[PDB]
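Letters A, B, ... mirror the listed sequences (proteins, then strands); counts begin at 1. We count ligands from 1, going down the list as the structure has it; atoms in each ligand are counted the same way. What you see below is based on every heavy atom in this structure, not just the backbone, and it leaves out hydrogens, waters and symmetry mates.
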Amino acid sequence: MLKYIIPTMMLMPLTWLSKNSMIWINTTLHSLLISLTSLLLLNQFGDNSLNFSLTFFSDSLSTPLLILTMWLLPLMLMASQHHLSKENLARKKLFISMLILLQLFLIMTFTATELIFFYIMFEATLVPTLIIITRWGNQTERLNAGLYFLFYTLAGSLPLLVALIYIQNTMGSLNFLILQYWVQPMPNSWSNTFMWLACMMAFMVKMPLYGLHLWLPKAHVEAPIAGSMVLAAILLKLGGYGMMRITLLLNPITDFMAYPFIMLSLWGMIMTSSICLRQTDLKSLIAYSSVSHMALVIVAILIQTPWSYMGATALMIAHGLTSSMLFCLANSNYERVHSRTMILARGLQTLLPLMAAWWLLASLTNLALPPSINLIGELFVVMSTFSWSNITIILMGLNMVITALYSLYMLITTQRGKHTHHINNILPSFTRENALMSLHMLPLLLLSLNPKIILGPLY
Amino acid sequence: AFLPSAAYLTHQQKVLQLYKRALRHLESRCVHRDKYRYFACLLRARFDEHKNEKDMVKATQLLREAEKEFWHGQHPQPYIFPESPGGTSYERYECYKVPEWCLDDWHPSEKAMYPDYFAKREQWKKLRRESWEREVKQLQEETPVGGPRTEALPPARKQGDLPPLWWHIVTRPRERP
Amino acid sequence: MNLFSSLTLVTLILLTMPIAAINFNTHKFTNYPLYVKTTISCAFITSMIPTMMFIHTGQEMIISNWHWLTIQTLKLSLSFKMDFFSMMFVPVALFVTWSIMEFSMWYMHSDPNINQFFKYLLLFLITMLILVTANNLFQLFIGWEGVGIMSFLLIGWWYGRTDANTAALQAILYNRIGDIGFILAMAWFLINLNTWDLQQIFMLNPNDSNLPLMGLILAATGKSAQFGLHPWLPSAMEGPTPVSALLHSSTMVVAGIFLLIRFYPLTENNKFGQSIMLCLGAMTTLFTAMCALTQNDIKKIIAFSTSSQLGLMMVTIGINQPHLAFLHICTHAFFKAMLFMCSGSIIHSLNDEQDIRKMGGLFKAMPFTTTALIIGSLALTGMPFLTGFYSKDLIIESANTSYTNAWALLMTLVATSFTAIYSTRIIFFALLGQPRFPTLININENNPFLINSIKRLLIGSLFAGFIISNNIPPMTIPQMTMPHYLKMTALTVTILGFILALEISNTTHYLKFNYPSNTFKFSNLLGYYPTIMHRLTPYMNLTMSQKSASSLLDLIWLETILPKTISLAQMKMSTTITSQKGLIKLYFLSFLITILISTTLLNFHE
Amino acid sequence: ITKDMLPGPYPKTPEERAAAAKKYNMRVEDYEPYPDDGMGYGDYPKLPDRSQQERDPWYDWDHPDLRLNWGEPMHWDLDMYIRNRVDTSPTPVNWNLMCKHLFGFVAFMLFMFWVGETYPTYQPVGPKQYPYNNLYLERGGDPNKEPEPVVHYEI
Amino acid sequence: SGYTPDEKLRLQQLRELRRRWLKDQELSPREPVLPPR
Amino acid sequence: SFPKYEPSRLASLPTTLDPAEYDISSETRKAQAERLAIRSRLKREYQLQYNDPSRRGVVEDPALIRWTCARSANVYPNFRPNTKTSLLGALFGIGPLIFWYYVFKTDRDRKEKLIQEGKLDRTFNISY
Ligand SMILES: CCCCCCCCCCCCCCCCCC(=O)OC[C@H](COP(=O)([O-])OC[C@H](O)COP(=O)([O-])OC[C@H](COC(=O)CCCCCCCCCCCCCCCCC)OC(=O)CCCCCCCCCCCCCCCCC)OC(=O)CCCCCCCCCCCCCCCCC
Ligand SMILES: CCCCCCCCCCCCCCCCCC(=O)OC[C@H](COP(=O)([O-])OCC[N+](C)(C)C)OC(=O)CCCCCCCCCCCCCCCCC
Ligand SMILES: CCCCCCCCCCCCCCCCCC(=O)OC[C@H](COP(=O)([O-])OCC[N+](C)(C)C)OC(=O)CCCCCCCCCCCCCCCCC
Ligand SMILES: CCCCCCCCCCCCCCCCCC(=O)OC[C@H](COP(=O)(O)OCCN)OC(=O)CCCCCCCCCCCCCCCCC
């Protein structure tokens, strides 16, 4: 994995030694070169994971998250270069440094062979995210949002530290490859109950779990566009990655510990989606949609059937692409009206037709239109949870109604109807913005041709 | 109720609006033109019966029970004109009513496609921006203290002035673009 | 094998070619609608060859040409099923769509998004032929959601109009409520039969098929606009007239009926599903034909007409006669598409007038439209040996002569009378009588697009029931022995409908005014179902979406219990610790109390 | 925008109520806040819960699709009372009478389908008769077993 | 009683400017000026 | 005589059938004139900015900003935990969680009891 970590670190001299007008073009070019290089991780086998060293390996779960992560950096650089154009050159280089450093932490978070190194990188991802939100966020509430984002994650994860060090003392190792073969069944006790909670609640917060999700409609909304892209597209999916790693060590206790949390998700996706029907802030509507979509990933990991893991990792990759594009579309209208009120700018298909078509495609992938990998993940999770209990389809199916309802209302409020009269600074769509939308949507639609690469280690 | 100039509906205006709505809902009930013609003259006779009532209390009472009469006897799906609010073609072409300022954001390769149109548009924008300060100082010298009482706007007073707040009435899009 | 499968796939690839043309364009077109119309005419000509060589031998096959994805035992492939249903439905859909697009080359001619319109309409056709030629549930679900999304994009065509966007989101709402049951059926077949392919579903032949058939009936209720999930189809007339003619009369709305026809080996062994389909389709064909008796908007009348015919299709599925139902689909496409085309020709000639109380005198004024509208209404009501006679009459001859829910039979016959009543309502208010439209007569229909497009479906509505019903092979045994009152039932009830509604029509010429009774207000306000359930069920959702979910839980209580209580606790303990007066006496007195508690109270010196 | 033009706490003195009504651009005798039970409304006005469909459509509105003006105090549920959502407009038949008619019609239809299912119609014939022991091999019977002899006779 | 004389004068002046605008929406015989194909 | 119109929550009373529409008293005249005055002032203040050629941007509506601030930010500072909010938060918050918990727990206890006893038909079930 050292053929990826070293170019990501060489992106630091590539942004701090660049000419003052070349610091976006060079970082975009070489980050796209790293993203083209990321395809070598697709050397996956049906039996063995691509095991590099004592420190790094990459199975078919971590590989699509890595390719999405290394792809997301050029898209964040294209997204965040317009509103940081009047910024000081040193703070501009510091912003690019925080994005590069966050990618650097993420690519060795997903390839951590050992779990306490996973913890160190997993909590290392807080600090560039916290600095990006609380420094380049636009409104007043970025400080409070950074506080909530920091202290939900740390309060969930400092018991995870004690739990992982307890596994290191008990089993002898926190290598995942060793613990595939030295896993002991976890019996029923209160000690093993709080063992389970300490191993799970950090990732429950990072997914987020319903009831614990209060950081997210502040952290995703008060962030800048690159912060919202990396928080929605990757940093939620650390929780699903970590749960899929750590429920190896939590059997058969998960079979009766998952019962409340599944309820919290199966009801939570009914609530948060319903919250999306009454959100006046468009960016908050996309945030609660992200909560509603990650509730299915929580359910699928907690029922721990193969169809559920295949659908959950397909839903993670698909929601990363779709939610990143929806935040970028909301930014494309925020850079024209300078407000996030959804009812303010209306009728935008009369003025911006191709950008309305990008809104249309992002809304159709949001509502899981087949054969998108959104629908492949959604459908496979629904199959596995019908196998879990035959009544859950009601909570699934009603969700698939409400998920349609706000996905098109967002399309009807913003793009359709009569245009707002007094708003006259609606510029034509830049080539940069349509490039951003196309680089989100075209990989998402190409993955419908060959979806087996985003279906996880048990395809 | 809700009018831009008047703060209310007078009794005479309420009687006229009830008369128009009664004839329209009756015509919805009375599809054919001769049958509607007969019953519309009968309804005109009913309106011309109590025409000369001088007691405003008694007249308001008669208007109120006539509204009760109408609400009991209205068509459930009345006739609506196509471009009328509730019709089948109402606000249909609002997706083609592009505002004028979008023409300011064209590329020069498509502005040069219409040279006379934009060369004629520049003097519209010129006339607008040199009429603007005169009509603003017209509005702030004629409006009473405490704000304008009604939503009515004054006309132009001089020979050379344009009427105040005129641009989004003159340069509104056509109803069939 | 080499001719059949090749021209089968050539039809679909040919239909996808103008999508590549409109996506790979630079220029202004040399009549791209003519290009799409020529493409669909060529697709009809191409698809007739596999249909004729199916009529010869009964030659069926499956083209599982592209392996897509293997989920451990579920090998999803790009698999096209060429059986009786695809071989009969693809040429009918292509012929009707070719007529609708030559209609649209005249009707939508003033639209500056006409290439976008023909693009969307061809995308609808591609998704629908994906639906009907599908072999597994995933590909059928692709076509299912595709025709739903193109229904959204074509109801909300004039998107600045609020009512079009409202009706489009309404149609999506009811279709996704049906999709709940569709995905329920897919879930049941994967978990209990390890398949989405129809062949393994049919060969395993499950007995406990209550739940998946309930899911499929719910899917057909949502997609084919049965009762409970009906109002989106009359709402769907808010789009343009060729959208209502192609999608919402003949092609999209029969997809739930097509879904229950496709699973006929599972319905011919489940009597409970047959009774549920029978009662539901009889309820729909009663209620929608009753609502059509009093409507004044002509597209709403023809929309309740096609939903009543869908209810009759659900009835004849429910009496275990699926091939009569599919024959009635292929029959119904012709005259119902032509009724919408003639109504839209009236609408265009009268300057977007759709209310029938401003029509009339169009007998001699629009004579070809008059002729084709009369032929379409006679085919709808089952005039003998027009196309609607060759299925619908036989349906009644099977609905009477079978072990049947008798209330469903009586409501089916009352629906059959109501078809005659609203058909002569259309002919009486649109064609007969005197003018009621305004005084600037611009009545004109002399475009060869309009004339030829109604002409081909007119020849279809004359001869297509005869041609198809003689060319198809027998799949059941037709019940042909029955008494004279039971053979003449449909024709007698239809003639009674015509006579009674002529009496009702001639009562309107009198100079007598009656108050509207509760039956007229019930049938005129759509059984009160779009009035209550579109005001109450959104209300009960959206307050629950804000007063309970948004504000109360995730802005107050889940925000109260974890972060705010802990934050106030830490603030309060911080203000109690650091509230020291700086006095040295008090600190050393606390040290003495510390040493006394450490010795006497905790025994730290032991 | 500034602080004293943003919503604040619930008004309890009449001068704070007058300042609230001046803030929300409406008359003090027309200004009615939500009742202080602690639901987070604050000083926000309780507008009388009318849909935007009920507004006068012929008026020259500032926002014609919303039927709403500039500076006009929006309803708390303005996202809910748009013309794409919940309509409170008056109906020619009473609401309770509509519910009576709809529930009575649906219940009568369900009861009569149950009556028709309990007493079904049929034809005055026997059962359909099939050869080869009621088609034993065709229905999927195994040939190593042997069914009971189903024999039909002439009549 | 119809319009006031102020309202009549305003509608006449707005009518004149509106008809000037709508007449100036017409095309020249040289427009559209197309590129050399 | 005629059946009187019954207004509902979702079917309001018409303006024509309303008695308080017909108030010819002078205090209602002053109320209607004062509302016309406020609406005329806001209309003038809007369309002075709206017709300005120098303006190229968003005419900011403090009513809309005020509404979006009231829907989100002012909810918790004007929350008081009392009997009504506690009962509605415990009835609507942990109520359905308990409900769906007992439903899914009872269903899975029933299904596991049928499977481990050899009752549930799990014949072709090999995808899970
Ligand atoms: C590996 C090689 C692969 C080669 C083949 C590639 C296959 C397709 C890949 C994805 C294509 C997306 C690009 C087009 C859409 C986005 C841009 C756009 O809108 O442009 C408009 C523009 C034309 O319109 P315009 O008038 O100029 O402007 C638009 C107007 O303003 C007004 O706009 P509008 O709204 O009127 O028009 C938009 C319209 C709006 O229409 C819709 O939104 C309706 C679509 C949904 C319903 C119908 C489809 C339902 C599903 C059925 C189809 C799938 C299954 C079929 C298979 C058989 C059955 C199983 O959409 C279309 O016309 C698109 C038609 C195709 C739709 C495909 C499905 C997308 C729906 C959302 C996701 C669904 C699930 C995933 C499906 C993935 C399929 C691969 O198109 C272009 O300029 C095209 C430029 C070139 C595009 C290249 C795309 C591939 C790039 C990949 C590069 C690397 C690989 C190399 C291959 C390169 C191939 C050339
Ligand atoms: C984001 C906010 C929510 C975060 C939730 C985090 C998880 C919730 C539960 C955490 C419990 C504490 C960590 C447990 C680690 C268990 C490791 C282990 O070996 O356990 C077995 C051990 C058992 O000891 P042992 O393993 O040495 O015993 C040998 C084995 N037997 C039992 C056979 C003899 O458990 C313990 O010793 C104690 C476990 C419970 C600890 C209770 C104290 C903490 C209370 C909860 C704090 C929760 C977070 C607080 C902050 C909230 C926000 C401000
Ligand atoms: C205008 C240009 C047209 C093409 C010009 C170039 C070709 C010219 C004509 C000569 C033919 C060329 C040789 C033949 C083609 C190659 C043959 C071959 O073996 O191809 C390899 C394979 C054949 O399948 P396969 O089984 O060998 O490989 C599948 C791969 N595995 C086994 C790993 C899963 O692929 C193709 O043929 C690809 C094209 C397929 C065509 C249909 C694509 C539909 C896309 C839908 C996406 C979403 C579907 C979701 C739902 C699916 C159903 C559930
Ligand atoms: C085989 C068995 C068959 C059984 C059939 C019966 C079962 C289903 C029972 C009925 C459920 C659906 C009907 C109720 C909801 C209908 C909502 C709807 O369509 O609202 C339309 C409304 C605008 O309509 P309208 O006013 O007519 O438009 C013209 C404009 N003047 O638009 C709006 O007001 C916009 C609203 C947007 C938000 C929608 C909120 C409501 C969502 C409801 C979801 C219900 C899911 C139920 C799932 C059950 C699964 C078991």
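- Applying the side chain to side chain contact (heavy atoms under 4.5 Å, CB included) rule to A/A163 yields the partners A/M195, A/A198, A/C199; only residues at least two apart in sequence or on another chain are considered.
- By the side chain to side chain contact (heavy atoms under 4.5 Å, CB included) test, C/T30 is found to be paired with no residue, residues two or more places apart in sequence or in another chain being considered.
- Between C/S77 and C/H67, the side chains place no donor N or O within less than 3.5 Å of an acceptor N or O (distance only, hydrogens not considered).
- Close approach to C/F138 involves these atoms of ligand 3, each under 4.0 Å from a residue heavy atom: 51 (C), 54 (C).
- Residue contacts with ligand 3 include C/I142, since one of its heavy atoms falls under 4.0 Å from the ligand.
- A centroid separation of less than 6.0 Å is found between the aromatic rings of A/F261 and A/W196.
- Within ligand 3, counting atoms from 1 as listed, the ones closer than 4.0 Å to a heavy atom of A/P371 are 48 (C), 50 (C).
- The residue C/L69 has no part lying near ligand 3, judged by heavy-atom distances below 4.0 Å.
- Considering both main-chain and side-chain atoms, C/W66 comes within under 3.5 Å of ligand 3 through a nitrogen or oxygen pair.
- Among protein residues, A/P353, A/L354, A/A357, A/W358, A/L360, A/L361, A/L364, A/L369, A/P370, A/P371, A/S372, A/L442, A/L445, A/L446, A/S448, A/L449, C/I22, C/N23, C/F24, C/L78, C/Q116, C/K119, C/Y120, C/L123, C/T127, C/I130, C/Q139, C/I142, C/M150, C/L153 come within 4.0 Å of ligand 1, judged on heavy atoms.
- Between the side chains of C/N113 and C/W157, no donor-acceptor pair is found at a separation under 3.5 Å.
- Between A/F151 and A/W215, the gap from one ring centroid to the other reaches at least 6.0 Å.
- Donor-acceptor pairing under 3.5 Å is lacking for the side chains of A/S363 and A/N366.
- Between the side chains of C/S151 and C/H248, a donor-acceptor pair is found at a separation under 3.5 Å.
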**Request:** Tell me, with the steps shown, if C/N115 and C/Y120 meet side chain to side chain donor-acceptor pair (under 3.5 Å).
**Result:** CA-CA 9 Å; C/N115 294 324; C/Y120 286 171; over 6 Å; no
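- Among protein residues, A/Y152, A/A155, A/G156, A/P159, A/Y166, A/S191, A/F194, A/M195, A/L197, A/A198, A/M201, A/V205, C/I566 come within 4.0 Å of ligand 2, judged on heavy atoms.
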**Check against side chain to side chain contact (heavy atoms under 4.5 Å, CB included), A/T414 and A/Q349** = CA-CA 8 Å; A/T414 63; A/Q349 184 175 355; over 6 Å; no
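- In plain terms, the two heavy atoms of C/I201 and C/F189 that are nearest each other are CG2-CE2, 3.6 Å.
- Of the N and O atoms on the side chains of A/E433 and A/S332, not one donor lies less than 3.5 Å from an acceptor on the other residue.
- Each of the following atoms of ligand 3 lies closer than 4.0 Å to a heavy atom of A/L449: 45 (C), 47 (C).
- The atoms of ligand 3 that sit less than 4.0 Å from any heavy atom of C/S77 are 53 (C), 54 (C).
- Considering only heavy atoms from C-beta on, C/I114 stays 4.5 Å or farther from C/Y32 through its side chain.
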